[PDB]
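Take a look at the structure below.
Each answer follows from the model by the rule given with it, or from the source it names; nothing here is a laboratory result. Reconstructed Cβ throughout: ideal geometry from the backbone, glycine too, with neighbour counts over all protein chains shown.
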Amino acid sequence: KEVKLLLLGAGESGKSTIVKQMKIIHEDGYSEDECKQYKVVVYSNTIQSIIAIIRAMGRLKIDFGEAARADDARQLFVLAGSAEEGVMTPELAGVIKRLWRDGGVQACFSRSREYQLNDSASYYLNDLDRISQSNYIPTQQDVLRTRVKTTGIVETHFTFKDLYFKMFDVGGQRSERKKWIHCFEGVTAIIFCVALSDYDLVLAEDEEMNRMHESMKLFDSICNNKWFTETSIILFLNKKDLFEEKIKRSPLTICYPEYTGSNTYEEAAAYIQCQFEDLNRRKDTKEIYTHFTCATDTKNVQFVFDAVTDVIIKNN
Amino acid sequence: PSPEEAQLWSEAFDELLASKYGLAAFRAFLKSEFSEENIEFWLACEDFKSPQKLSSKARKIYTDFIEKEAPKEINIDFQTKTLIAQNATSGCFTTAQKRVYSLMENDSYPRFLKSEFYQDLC
Ligand SMILES: Nc1nc2c(ncn2[C@@H]2O[C@H](COP(=O)(O)OP(=O)(O)O)[C@@H](O)[C@H]2O)c(=O)[nH]1
Ligand code: ALF
Ligand SMILES: [Mg+2]
């Protein structure tokens with residue numbers, strides 16, 4: 001039989017990354033050429049990431065560790081305009097390196113919640129020497145880490161345990177959600193993605209809205225929507241890794257002002273799970289299959305999906 | 001088609017948008033991924049880029065592409081939307097055009113190259 005899988009969630013929640021993991025886990029991975037094609041994206045991601053930090057410093061009133069970085073900071077924008085796909089020159093690499101080691105820049109990086117910084121910034125920036133090589137071919141992790149904004153609706157086909165999986169990947173931004181109705185008919189399961197780490201961040205499309213609340217309001221909308229009654233609502237509480245790192249530094253009370261609990265992984269994660277699971281109104285009738293995932297980790301996604309599939313197999 | 005002409009589009013995105021038949025093939029693809037408002041907005045931005053007509057065209061474009069819950073609401077961030085909203089001038093949409101351009105180039109355009117609709121033509 002055929003399965004209509006629908007990947008939903010607010011922007012930057014991890015939908016498209018899960019879609020890549022289906023390719024990795026169920027279709028012999030990415031070829032070398034396929035990886036080479038992401039070289040340009042990895043450079044773009046890296047370059048924009050450092051630029052984001054620099055831009056923020058002025059707004060947030062943060063100064064460079066060494067006054068000599070001002071040169072490099074301006075030199076970043078000069079060479080960002082020239083040094084184009086698909087080569088990072090040694091000069092640019094050195095500029096980005098110096099800026100990234102600088103204490104003022106690091107200060108600003110640490111306050112990234114006050115602006116919009118790619119999740120993968122430090123992943124790439126801390127790995128600059130490797131990626132900056134002219135002979136550099138991105139790894140699968142590099143590919144999985146890349147950020148490319150999904151716009152519209154994209155359909156994928158794969159097979160697993162004798163099931164024809166029709167998978168639908170959509171854009172998560174407010175502007176995109178009108179379009180979601182185009183793939184609501186005949187849905188077997190929805191995998192709703194929540195970026196755990198978004199609890200202290202604000203929406204790129206509205207900087208007065210806390211991301212986690214946007215995700216909550218959205219899930220409430222979907223979860224209780226009467227046309228997904230005969231439809232498996234799987235919840236991926238995603239980015240557990242970034243979350244595990246965040247919760248030691250940034251208090252969850254930014255998101256939930258009433259939360260009297262500790263800032264440790266399992267207690268916080270448990271609290272967030274409740275906030276979503278409590279929004280379910282057909283609690284007597286409808287079951288929510290929640291999982292804590294790391295979309296960029298193949299072993300994790302493979303385990304969780306294997307589980308997800310078994311749910312569907314039993315529930316159909 | 002050719003495929004001389006056709007083949008050429010995978011080298012760079014400007015080729016595709018520059019050609020008549022190619023631009024039509026891509027709009028067809030975006031329509032199939034329900035992301036066609038991007039190509040439309042860009043196509044609008046070029047006709048945009050008289051001041052009574054510059055004033056005129058701007059409002060029509062805003063209602064169609066930029067207002068909240070607009071029919072063809074494009075996928076840009078809030079920092080870009082506001083500076084767009086605040087700023088009847090020629091270089092007005094430049095930033096928005098560039099963002100949408102990138103949106104198509106980075107996401108849709110690669111998938112267009114791997115579709116059979118282009119793979120056959122080529
Ligand atoms: N560290 C980490 N990064 C993630 C995880 N899930 C997604 N990302 C990254 O977050 C960014 C946004 O992911 P994406 O799937 O494009 O978001 P989408 O808009 O919902 O499709 C990308 O750069 C991903 O590599 C995760 O579980 N852990
Ligand atoms: F929801 Al997205 F890229 F922001 F798929
Ligand atoms: Mg996506």
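Return the only residue of A:118, A:135 being in a loop (DSSP other than H, G, I, E, B), assigned by CATH to the domain that holds residue A:89 and within 16 Å of ligand 3 (Cβ to nearest atom).
Answer to the selection: A:118.
Could you figure out which of (1) within 10 Å of chain A (Cβ to nearest Cβ); (2) more than 16 Å from ligand 1 (Cβ to nearest atom); (3) outside any helix (DSSP H, G or I) isn't true of residue B:76?
Here residue B:76 clears every test but (2).
Residue A:296: among the β-branched types (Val, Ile, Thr), in contact with a strand residue (DSSP E or B) (Cβ under 7 Å, 6 or more places away or on another chain) and outside any helix (DSSP H, G or I), yes or no?
Taking the combined requirement at face value, the residue does not satisfy it.
So, in segment A:182-207, exactly how many residues are more than 19 Å from residue A:234 (Cβ to Cβ) and either of a type in the set (A, V, I, L, M, F, W, C) or under 14 Å from the mean Cα position of the chain (by Cα) (or both)?
Of the residues in that region, 6 qualify.
Could you list, in sequence order, the residues of segment A:194-203 that are within 14 Å of chain B (Cβ to nearest Cβ) and either surrounded by fewer than 20 Cβ atoms within 10 Å (Cβ to Cβ) or outside any loop (DSSP other than H, G, I, E, B) (or both)?
Once the filter is applied, which keeps residues that are within 14 Å of chain B (Cβ to nearest Cβ) and either surrounded by fewer than 20 Cβ atoms within 10 Å (Cβ to Cβ) or outside any loop (DSSP other than H, G, I, E, B) (or both), segment A:194-203 yields only A:202.
Kindly list the number of the only condition in (1) of a type in the set (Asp, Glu); (2) in contact with a helix residue (DSSP H, G or I) (Cβ under 9 Å, 6 or more places away or on another chain); (3) more than 14 Å from chain B (Cβ to nearest Cβ) that fails for residue A:162.
Exception for residue A:162: condition (2).
Quick check on residue A:21: is it under 18 Å from the mean Cα position of the chain (by Cα), within 16 Å of ligand 2 (Cβ to nearest atom) and within 24 Å of residue B:13 (Cβ to Cβ)?
For residue A:21, the condition - under 18 Å from the mean Cα position of the chain (by Cα), within 16 Å of ligand 2 (Cβ to nearest atom) and within 24 Å of residue B:13 (Cβ to Cβ) - is not met.
Please give the helices (runs of 4 or more DSSP H) falling wholly within segment B:1-45 in which 2 or more residues are surrounded by 14 or more Cβ atoms within 10 Å (Cβ to Cβ) and touching a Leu at 6+ places or on another chain (Cβ under 7 Å).
Counting at least 2 such residues, we get B:13-18, B:20-32.
As an exercise: evaluate residue A:222 against (1) within 16 Å of ligand 1 (Cβ to nearest atom); (2) surrounded by 15 or more Cβ atoms within 10 Å (Cβ to Cβ); (3) closer than 22 Å to residue A:114 by Cβ and give the number of the one condition it does not meet.
(3)
Enumerate the pairs (first residue in segment A:61-86 and among the basic types (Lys, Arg); second residue anywhere and surrounded by 13 or more Cβ atoms within 10 Å (Cβ to Cβ)) with beta-carbon separation below 7 Å, excluding pairs fewer than 6 apart on the same chain, so at least 6 apart or on different chains.
A:69/A:98; A:69/A:99; A:69/A:102
Report whether or not residue A:67 is away from ligand 1 (no atom under 16 Å from the Cβ), more than 19 Å from the chain's Cα centre (by Cα), assigned to a loop (DSSP other than H, G, I, E, B) and aliphatic (A, V, I, L, M).
When the stated conditions are applied, residue A:67 passes them.
Can we say residue A:124 is farther than 28 Å from residue A:263 by Cβ and aromatic (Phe, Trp, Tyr)?
no
Of the residues A:272, A:190, which is among the β-branched types (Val, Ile, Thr), part of a helix (DSSP H, G or I), crowded, with 19+ Cβ neighbours inside 10 Å and touching a helix residue (DSSP H, G or I) at 6+ places or on another chain (Cβ under 7 Å)?
Sole residue among the options that is among the β-branched types (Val, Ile, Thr), part of a helix (DSSP H, G or I), crowded, with 19+ Cβ neighbours inside 10 Å and touching a helix residue (DSSP H, G or I) at 6+ places or on another chain (Cβ under 7 Å): A:272.
Can you list residue pairs whose Cβ atoms sit under 8 Å apart, with the first residue in segment A:9-22 being farther than 19 Å from residue A:220 by Cβ and the second being within 8 Å of ligand 3 (Cβ to nearest atom)? Count only pairs 6 or more apart in sequence or on different chains.
Partner pairs satisfying both residue conditions: A:12/A:172; A:16/A:148; A:16/A:150; A:16/A:169; A:19/A:169.
Applying the selection to segment A:1-10, what residues are surrounded by fewer than 24 Cβ atoms within 10 Å (Cβ to Cβ) and farther than 16 Å from residue A:184 by Cα?
Within segment A:1-10, A:1 is the sole residue that qualifies.
Looking only at segment B:111-119, decide whether some residue is more than 9 Å from chain A (Cβ to nearest Cβ) and under 12 Å from residue B:41 (Cα atoms).
Within segment B:111-119, not a single residue is more than 9 Å from chain A (Cβ to nearest Cβ) and under 12 Å from residue B:41 (Cα atoms).
Residue-by-condition table, conditions (1) in contact with a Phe, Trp or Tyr (Cβ under 7 Å, 6 or more places away or on another chain); (2) away from chain B (no Cβ under 14 Å):
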| site | (1), (2) |
| --- | --- |
| A:135 | no, yes |
| A:146 | yes, no |
| A:151 | no, no |
| A:154 | no, no |
| A:172 | no, no |
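In segment A:242-269, which residues are surrounded by fewer than 17 Cβ atoms within 10 Å (Cβ to Cβ) and more than 24 Å from residue A:208 (Cβ to Cβ)?
Residues satisfying the conditions are A:245, A:248, A:260, A:261, A:262, A:263, A:264, A:266, A:267.
Out of the residues in segment A:139-181 that are part of a strand (DSSP E or B) and under 14 Å from the mean Cα position of the chain (by Cα), which is farthest from ligand 1 (Cβ to nearest atom)?
Step by step, filter segment A:139-181, then rank; the result is A:170.
Go through (1) surrounded by 16 or more Cβ atoms within 10 Å (Cβ to Cβ); (2) assigned by CATH to the domain that holds residue B:43 one by one and return the number of the condition residue B:98 breaks.
Looking at each condition in turn, residue B:98 falls short on (1).
Among B:6, B:44, which is outside the structural domain of residue B:99 (by CATH) and hydrophobic (A, V, I, L, M, F, W, C)?
Exactly one residue qualifies, and that residue is B:6.
Picking from A:43, A:30, which residue would you name as being at negative phi, within 16 Å of ligand 1 (Cβ to nearest atom), assigned to a loop (DSSP other than H, G, I, E, B) and surrounded by 16 or more Cβ atoms within 10 Å (Cβ to Cβ)?
A:30
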